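**Q** The structure is given below, and queries will be raised subsequently.
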Amino acid sequence: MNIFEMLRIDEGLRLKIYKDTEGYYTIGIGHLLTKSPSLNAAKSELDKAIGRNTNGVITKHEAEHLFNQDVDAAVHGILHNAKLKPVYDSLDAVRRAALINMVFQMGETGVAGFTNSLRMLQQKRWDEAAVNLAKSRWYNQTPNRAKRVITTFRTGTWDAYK
Amino acid sequence: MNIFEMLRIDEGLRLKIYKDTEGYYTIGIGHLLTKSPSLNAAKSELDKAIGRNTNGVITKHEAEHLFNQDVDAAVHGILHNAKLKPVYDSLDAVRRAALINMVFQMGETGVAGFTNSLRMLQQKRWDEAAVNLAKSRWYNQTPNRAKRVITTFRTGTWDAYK
Amino acid sequence: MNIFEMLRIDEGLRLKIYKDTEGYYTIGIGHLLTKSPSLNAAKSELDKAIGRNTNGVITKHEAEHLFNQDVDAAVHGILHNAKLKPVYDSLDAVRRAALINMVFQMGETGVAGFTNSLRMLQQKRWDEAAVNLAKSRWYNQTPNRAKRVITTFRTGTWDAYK
Ligand SMILES: [Cu+2]
């Protein structure tokens with residue numbers, strides 16, 4: 001198990017352009033294409049990223065192309081963030097994946113807003129962080145895409161994934 | 001062994017644009033580019049599929065790009081075909097590959113024309129189907145690309161491939 | 001171990017356009033883009049090779065795209081060269097990688113200029129070749145990118161790589 005399979009399971013794979021939980025055009029493994037209402041704009045953006053006329057359809061491999069890039073961006077955002085780097089430094093390989101998972105889903109700024117939880121994670125207070133993270137809007141709007149992630153912060157194992 | 005390696009062996013790999021058994025421009029693993037006599041048209045079509053100026057030459061990976069797509073198309077054609085779906089449902093994992101193999105080579109309509117053989121396969125009559133499939137024009141025009149496939153319908157093993 | 005990992009170690013991976021040991025724009029695993037002083041020209045050349053607007057940045061996979069092509073070109077250059085083919089024929093699997101390595105780095109013409117060493121390699125004179133190859137400008141300008149390669153010609157093992 002690793003961050004890729006972890007997100008593969010949490011996000012899932014969709015090989016054709018679709019609207020997300022906010023009506024935003026998305027594809028592959030949770031990759032946002034545009035906030036524009038235009039499907040042609042979504043197709044235009046996908047074509048530039050992939051490098052060919054896709055007409056809104058891609059392969060499992062091209063989904064991994066956008067996937068590796070997105071994961072790297074999430075990790076990069078964590079390393080150059082003052083509020084996230086100390087937390088990332090302190091964590092173990094497994095809980096580090098859970099952090100990247102949240103940033104992948106919400107972005108670095110959004111995750112850096114969990115003042116309490118980030119403090120509790122830094123201080124190995126696993127249960128307090130889990131309880132606090134359940135209270136979030138993040139959990140309310142997406143309880144399924146989040147349930148496993150919080151359990152991972154609690155246990156430090158991959159048991160919620162297999 | 002699987003459908004990919006099965007077709008990899010039956011079709012073979014060609015990394016530059018070539019004419020097939022009917023004079024049609026083809027590339028990679030039996031991928032038809034165009035029925036047009038124009039090589040520039042074949043190059044034009046390849047460029048659109050791959051996503052770059054190839055000038056008639058591709059890599060082993062880009063051949064797999066067209067390969068996965070073609071295999072998926074063959075499977076899709078079988079699942080949404082009334083004459084093929086019952087046959088596919090009834091067959092075992094190995095003989096299911098042989099069916100996809102024929103559709104890959106001939107298309108769903110062409111394979112659905114083997115009324116007798118499809119009936120015999122549905123009724124586990126392995127030898128009767130093999131005998132009938134040897135009588136076909138499919139076997140006459142391409143005895144080599146077909147010999148293994150028929151043997152697989154007969155035995156239900158991968159022995160003709162290794 | 002193989003030629004790919006051998007070059008992966010000797011060349012290294014760089015995912016953004018950079019200047020080489022002569023000021024030439026390069027990317028991935030030692031792939032030369034252009035001798036032009038223009039970065040836009042380097043970007044223009046990269047875009048044509050990869051097949052998308054990269055703006056000077058590529059993925060590990062796209063670096064492997066250029067990598068496989070470059071390795072194949074080096075091997076092809078050896079097989080169709082009168083001065084290199086006899087040497088390649090005579091060598092063992094491991095020392096054959098070392099030859100491809102030099103051609104990858106210098107080109108077929110540049111490697112075919114080592115009259116003495118090529119003769120000594122053809123005659124299994126391992127130590128004489130190593131001594132001669134250390135005297136070269138190739139070793140002086142790039143002692144690190146060369147040290148392992150010469151040691152491989154000497155020993156016939158992968159010990160300098162791991
Ligand atoms: Cu690829």
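Quick check of the header: X-ray crystallography, 2.7 Å.
For all residues, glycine too, the Cβ spot is worked out from N, Cα and C.
For B:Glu11, B:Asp20, the entry in Swiss-Prot reads active site, proton donor/acceptor, with the evidence type experimental evidence. The substrate binding site annotation in Swiss-Prot covers B:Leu32, B:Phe104, B:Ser117, B:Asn132.
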**Q** So among B:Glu11, B:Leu32, B:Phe104, B:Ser117, B:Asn132, all listed as recorded positions, which is physically nearest to B:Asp20 (active site, proton donor/acceptor)? Use the C-alpha atoms.
**A** B:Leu32
**Q** Which of B:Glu11, B:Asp20 has the fewest nearby Cβ atoms, counting only those within 10 Å, among these active-site residues?
**A** B:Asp20
**Q** Specify the nearest of the binding-site residues B:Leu32, B:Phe104, B:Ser117, B:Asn132 to B:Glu11 (active site, proton donor/acceptor), where nearness means the distance between Cα atoms.
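**A** Nearest listed residue in space: B:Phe104.
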**Q** Tell me which residues of the chain lie with their Cβ under 8 angstroms from that of B:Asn132 (substrate binding site), as long as they are six or more apart in sequence?
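**A** The answer is B:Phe114, B:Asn116, B:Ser117, B:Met120.
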**Q** With the substrate site defined by the record as B:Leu32, B:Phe104, B:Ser117, B:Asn132, how many Å span the farthest pair of C-alpha atoms?
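**A** Farthest-apart Cα atoms in B:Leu32, B:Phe104, B:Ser117, B:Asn132 are separated by 28 Å.
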**Q** Any idea which of the binding-site residues B:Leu32, B:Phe104, B:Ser117 has the thinnest Cβ neighbourhood at 10 Å?
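**A** Least crowded of the binding-site residues B:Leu32, B:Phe104, B:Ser117, by Cβ count within 10 Å, is B:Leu32.
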**Q** Would you identify the secondary structure of B:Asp20 (active site, proton donor/acceptor) according to DSSP, in three states?
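**A** B:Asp20 (active site, proton donor/acceptor) sits in coil per DSSP, no helix or strand.
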